[PDB]
Each structure stands twice: as structure tokens, then as C-alpha cells.
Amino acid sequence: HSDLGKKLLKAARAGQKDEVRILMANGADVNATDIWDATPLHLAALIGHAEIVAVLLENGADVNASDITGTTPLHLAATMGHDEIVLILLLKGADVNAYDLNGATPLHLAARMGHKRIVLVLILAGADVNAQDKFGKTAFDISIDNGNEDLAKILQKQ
């Protein structure tokens, strides 16, 4: 039981799509968690394996699982710039306004990394553009700081 979950974590990290499918067919715990509170979905969202993300979600993966830093799969995909994964997660119910241990939402992180299309997707999905991180910054502020004035204008939602 522990064993199949560990195998699934390893397969998700390694991007082994067919192994993920067989492990799921054999009853592996889709929400197996390691010491960092990382789940298979976190690993797949970090590395960018879109088919694995979709397979895990189809099999009941917790789309809003938070690791020990409060980081969700959506945070990871938004930070890494994985556009397709951001969209899949959102369509399968990811909480667009989840916040990590710093009060950062996925919108803050995408703005910080300058991922303009992801920022726009998150707005479209209902991200609270007025949300402030623990220090008072909005995605608008971050975009100004990063010289992305055009994106800041869109973030105003006017």
C-alpha cells in the first residue's frame, strides 16, 4: 500500500506515462504523499508532464493538495510556465486563489516569473487580482516592478 504509492511518486517524477497508467490500474494511491507533502500531481505539475497530470486527475487526484510550504500543483505549474497544465488543473477544479505560506497565489507567482499568458488564463479563471501577498503586493504591482506595463493594464480589469 505504501509500496504502490512510492512507485507512483517515482513514476510521476520521472514522467513515465505508461507506468502511471498501470500503477493506477493496479490500485495505487493517487494521493500518496512524501515527507515534503508532495503528491504525484505536484511532481507532474512541476516537471511539466501534461498527460500524467490529466491521468492523475481522472483517477481522483486531489487537485488542491498543498505541500509543506502550502504550495499546490497550480502554484507549481504557474511558476514553471506550464501553460497546458495550468489550464487542465483549472478545468478540473483547482482553486485559483490558493495561497502558499507567503500569501502568494498562483497569479502572484506567474506575474513574478513574467508568464504573461498564464497570468491572463488565471484572470479568466477568476483569480482575485486584488489579492495581496503577506507584504502587500498585487500581481499588478509585481508586473510594474518587472517592467510588464502592458500586462499590468490588463490586470486592472477595466
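Residues carry their position along the shown sequence, with the first being 1.
Undergrad: Per the entry, where is the mean C-alpha temperature factor higher: 101-109 or 115-123?
TA: 101-109 has the higher mean C-alpha B-factor.
Undergrad: Mean C-alpha B-factor higher for 57-65, or for 129-137?
TA: Averaging CA B-factors over each stretch, the winner is 129-137.
Undergrad: Should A28 be placed in the lowest, middle or highest third of its chain by the C-alpha B factor in the entry?
TA: It belongs to the highest third of the chain when residues are ordered by C-alpha B-factor.
Undergrad: How does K17 rank on Cα B-factor within its chain, lowest, middle or highest third?
TA: Within its chain, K17 is a highest-third residue by C-alpha B-factor, going by the deposited values.
Undergrad: Using the B-factor values recorded in the entry, state whether the Cα atom of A11 falls in the lowest, middle or highest third among the modelled residues of its chain.
TA: Lowest third, going by the recorded CA B-factors of the chain.
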